Structures are given as C-alpha cells and as structure tokens.
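A quick write-up on the structure given underneath.
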Amino acid sequence: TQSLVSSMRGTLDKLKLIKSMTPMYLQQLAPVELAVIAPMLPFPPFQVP
Amino acid sequence: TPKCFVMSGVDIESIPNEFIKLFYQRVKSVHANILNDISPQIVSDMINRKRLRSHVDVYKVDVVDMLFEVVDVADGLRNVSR
Amino acid sequence: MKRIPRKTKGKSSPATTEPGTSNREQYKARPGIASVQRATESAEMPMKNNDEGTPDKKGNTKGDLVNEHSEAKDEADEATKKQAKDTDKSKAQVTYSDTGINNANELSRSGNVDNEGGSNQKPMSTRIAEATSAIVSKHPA
C-alpha cells in the first residue's frame, strides 16, 4: 500500500558497507591456522579436489 | 522403520477391545503387503536367543480355540469324517 | 631390571648465585595456557572402536539385530543428541539427522549379518553344533 523503496534501499546500503573484519580474517589468518594444527591431528586430513 | 513387528497368533476377529479391533482391521486392510508378521514362538526365540542355550483381578481368564477331527474307527482302519 | 607392568591382560591371565637467575618478570599470556591446554587435551583423544559386525573369540558376530538403515538413523539421532548435550542447548544448530538429503540407501555394519552373507537369527556356533550332531552314531546294545 505504501512505497518502501527508500527504506529498503537504505537498509541494504548499511549491510553492504558494514565494518566486518571477518572477510579479511578468512583470507589471511584462517589458512595459516589450519596449516598449523593439521600435522598434529590424530586423524590426518583426507580431501577430494 | 523396518525394525517394527506386529505379533500374529490372535485372530483379528477375536480382539476384545473394539478400538484396537478397528485399528488393526484398517492397518491390515490397507498395508497388508508391507507388514512384518512373527509368531509367538518367533518372538520367544528372539527374546531368548543367546541367554537360552499386590491386588490381582479375579475376573480375567485365558481362553483358547481347540482343533479336532471326527474319526470313525468302526473297523481297525480309520476314516476321517470332519 | 625394574619391571614394567602391563596395562592389558594376556594368555597367563665459593658463591653460587648467578647474577641473572632471579625471577621477577610478570607476564600474562594471551591466549591463556590453561584454555589452550584444555582444548588440546580434548583434541588429542583417539577415535572410538566400531567393532559391530565382526566375529568374536568363538566365531559368533558381535552387535544387535537392527536393520542397517534403522541402525544408521539411530546412530545419527544419537550423534545429534550428543552434539546438543556438548553445546549445552535443548536443540543443536548442527544436526547429523533430518537433513535435506535423501540418503535412503545408506548402510551400516550390524550384528544381523554374518561374514558369509547369511542371517544371524541363529548363532554360527549353534548351527555348527546342529550340523555335527545330525551325523552322530551310537554304541550297539
């Protein structure tokens, strides 16, 4: 019954420009950790391409 | 699940409780081909496979159906009639 | 010569003050040693033994009489319950059962099937006893 373009667009902008540091963590530090624990696991990794 | 079983040995006619009679009738009439039926002997064997190698009501009784045959032994031979 | 006990049963069954050794440093490590040690203790536990369906000392199979699919589903339910208990929640975020995948051909080891592909409604030892007793002969009177 009422236009919501202004409200809907404004919400999406906040989500798009959020100050989340998770993406840089997964790209940089997360691979480094998994490399450290992997040789010490009781069950060594078993992967498929 | 296919680990469920239904005990046979009691005729579906003779079920005393009427609601249970209805339930069993409908189930047997709809899903007859996909029910696992086991005899009481089979149940006892399942129970005892490896191991084997207060106020009480007075108006409850156990009944059985007896099977017999009429035989004529007029001569030394036998003749089953019915 | 000091004997090492077994853990399992078997068949038979001047000044001397160095100038730089005083302890005065006060350092608090982050992350915490205790927390990391507890996590590593948990992580280094070995995997359990899945011996269901294998023969025993005499020759009989070990396990319980459950159809393979039902056994798999029950194991999934138990895993989900254990996960919920570990996470300290009534229900678990991650579930090994009731997913969106139609994994209806799954099979698991069970004690209902022997090594030969037959059923275990009668134990192998009892079957052997039956077969060998079928051919016994006795002393004449």
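Take the residues in region C:112-133 that are loosely packed, with under 13 Cβ neighbours inside 10 Å and part of a helix (DSSP H, G or I), then tell me which one is nearest to the other protein chains (Cβ to nearest Cβ).
C:129
Taking the residues in region C:72-97 that are of a type in the set (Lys, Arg) and more than 14 Å from every other protein chain (Cβ to nearest Cβ) as candidates, determine which candidate is nearest to the chain's Cα centre (by Cα).
Of region C:72-97, the ones of a type in the set (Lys, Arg) are C:73, C:81-82, C:85, C:89, C:91.
Within this subset, residues satisfying the condition of being more than 14 Å from every other protein chain (Cβ to nearest Cβ) are C:81-82, C:85, C:89, C:91.
Values: C:81: 17, C:82: 15, C:85: 19, C:89: 25, C:91: 25 Å.
The extreme case among them is C:82.
Looking at residue C:11, is it loosely packed, with under 10 Cβ neighbours inside 10 Å and either under 30 Å from residue C:125 (Cβ atoms) or in contact with a helix residue (DSSP H, G or I) (Cβ under 6 Å, 6 or more places away or on another chain) (or both)?
yes
Any residue in region C:59-71 that is within 11 Å of chain B (Cβ to nearest Cβ) sitting within a Cβ distance under 8 Å of a residue that is of a type in the set (A, V, I, L, M, F, W, C) and exposed (fewer than 15 other Cβ atoms within 10 Å of the Cβ)? List the pairs, counting only those 6 or more apart or interchain.
Short answer, once both residue conditions are applied: C:65/B:46; C:68/C:107; C:69/C:104; C:69/C:107.
Go through region B:37-77 residue by residue and tally those that are away from every other protein chain (no Cβ under 12 Å), of a type outside the set (A, V, I, L, M, F, W, C) and not in a loop (DSSP other than H, G, I, E, B).
Selection size over region B:37-77: 5.
Only one of these conditions is not met by residue C:40: (1) part of a helix (DSSP H, G or I); (2) within 14 Å of chain B (Cβ to nearest Cβ); (3) of a type in the set (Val, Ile, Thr). Which number is it?
All conditions pass for residue C:40, except number (2).
Please go through (1) of a type outside the set (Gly, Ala, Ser); (2) assigned to a loop (DSSP other than H, G, I, E, B); (3) surrounded by 12 or more Cβ atoms within 10 Å (Cβ to Cβ) for residue C:69 and return the number of the only condition it doesn't satisfy.
Condition (2) is where residue C:69 drops out.
Condition check ((1) within 25 Å of residue A:44 (Cα to Cα); (2) polar (S, T, N, Q)) across all residues:
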| residue | (1), (2) |
| --- | --- |
| C:31 | no, no |
| C:44 | yes, no |
| C:47 | yes, no |
| C:56 | no, no |
| C:67 | no, yes |
| C:80 | yes, yes |
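Identify the residue in region B:1-36 that is in a helix (DSSP H, G or I) and of a type in the set (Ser, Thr, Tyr) and, among all such residues, is nearest to the other protein chains (Cβ to nearest Cβ).
As a first pass, look at region B:1-36 and keep what is in a helix (DSSP H, G or I): B:12-14, B:18-30, B:32-34.
Cutting the leftovers down to of a type in the set (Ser, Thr, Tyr) gives us B:14, B:24, B:29.
Numbers: B:14: 29, B:24: 23, B:29: 25 Å.
Of everything passing the filter in region B:1-36, B:24 is nearest to the other protein chains (Cβ to nearest Cβ).
Does residue A:36 count as exposed (fewer than 10 other Cβ atoms within 10 Å of the Cβ) and closer than 29 Å to residue C:48 by Cβ?
Taking the combined requirement at face value, the residue satisfies it.
When region C:17-51 is examined, which residues are found to be in contact with a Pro (Cβ under 7 Å, 6 or more places away or on another chain) and surrounded by 10 or more Cβ atoms within 10 Å (Cβ to Cβ)?
Within region C:17-51, just C:44 meets the criteria.
What number of residues within region A:36-49 satisfy the criterion of being over 17 Å from residue C:36 (Cα atoms) and of a type in the set (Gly, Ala, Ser)?
0
Return a yes/no flag: does region B:9-28 have any residue that is among the hydroxyl-bearing types (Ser, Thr, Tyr), exposed (fewer than 10 other Cβ atoms within 10 Å of the Cβ), on the phi < 0 side of the Ramachandran plot and within 11 Å of the chain's Cα centre (by Cα).
The answer is yes, given that some residue of region B:9-28 is among the hydroxyl-bearing types (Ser, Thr, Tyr), exposed (fewer than 10 other Cβ atoms within 10 Å of the Cβ), on the phi < 0 side of the Ramachandran plot and within 11 Å of the chain's Cα centre (by Cα).
Here, each number is a calculation from the coordinates, and none is a lab measurement. Cβ atoms come from the backbone with ideal geometry, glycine included; neighbour counts cover every protein chain shown.
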